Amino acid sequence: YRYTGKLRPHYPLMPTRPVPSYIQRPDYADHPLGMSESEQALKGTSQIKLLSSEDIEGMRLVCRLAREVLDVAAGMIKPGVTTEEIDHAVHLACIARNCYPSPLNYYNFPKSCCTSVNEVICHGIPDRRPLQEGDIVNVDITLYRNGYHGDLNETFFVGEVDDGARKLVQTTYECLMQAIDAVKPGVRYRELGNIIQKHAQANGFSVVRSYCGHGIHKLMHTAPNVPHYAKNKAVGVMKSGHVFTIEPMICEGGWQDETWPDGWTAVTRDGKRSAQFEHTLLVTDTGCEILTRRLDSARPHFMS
């Protein structure tokens, strides 16, 4: 394999971290290839669930706990810390909140969160590499509680970063919030991508095409599919009770992606940096509820 950038995997990984049996597990957790029968059973549907009152409560809870866990990870970002060490802390924090770390054994994914450094777009596997001054790193948290998944991510600075890093991360956050600000009953899912690309392009950045936002509730991913690029053909229209993510991945260079031999790590083909932010949203009558919102600050971590 020809690596696209300076990043390499740092193996071996520590043995798989156990989750105590008292934590309720998603169906894929104990499947040998980490396949989900309930996802298999709904695979291919276009229908978007309208959440019940119970469902909304369950999504509010799991999304609040996911935020708490991302906040644990944020507090550990500094030169010298390995992404594996961040994952360890994340794993323990999930368990301390009586949640299952949704990524663990999802289609045999080996870790409890995704850590995406520099040219990694998404799905980076926590490993023995210490974070370096100048790096950007995304931490993506997904938790499972009482039958519901919640999903969010932020990009962080590792010490002092260059002006390009500041601009990429700022612009990416702005893309997310402009998309969020458009969410309300009667808006087409395909419209969010127009908004995102418009801002990205204005700032000299490109938009990843192979990865999209998604429905989430009883399944980790389901309808709707939410591309972040302009003039997409996503299907469907927002209604009150829809829950989905918006999670734009923006790149310094070209939009094209490729996967490492690990089968998960998505990288820019050109080796330039990519940044991402993600919230889980519930569509309401006024607009939306940001279920994964930070509660003790108006701002994401990179702004402090």
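Heads up: residue numbers just count along the shown sequence, starting at 1.
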Would 186-194 or 133-141 have the larger average of its C-alpha temperature factors, as given in the entry? 186-194
Determine, for stretches 100-108 and 159-167, which one has the higher mean CA B-factor as deposited. 159-167
Which listed residue, 63, 69, 250, 56, has the largest C-alpha temperature factor in the record? 56
Based on the PDB record, which member of 254, 236, 271, 263 exhibits the highest Cα temperature factor? 236
Could you look up the Cα B-factor of residue 214 in the entry and say which third of the chain it sits in: lowest, middle or highest? middle
Looking at the C-alpha B-factor of residue 284, is it in the lowest, middle or highest third of its chain? highest
In terms of the chain's CA B-factor thirds, is residue 293 lowest, middle or highest? lowest
Ranked C-alpha temperature factor of residue 259 among modelled chain residues, by third: middle
Would you mind ranking residue 82 by its C-alpha B-factor against the rest of the chain and naming the third, lowest, middle or highest? middle
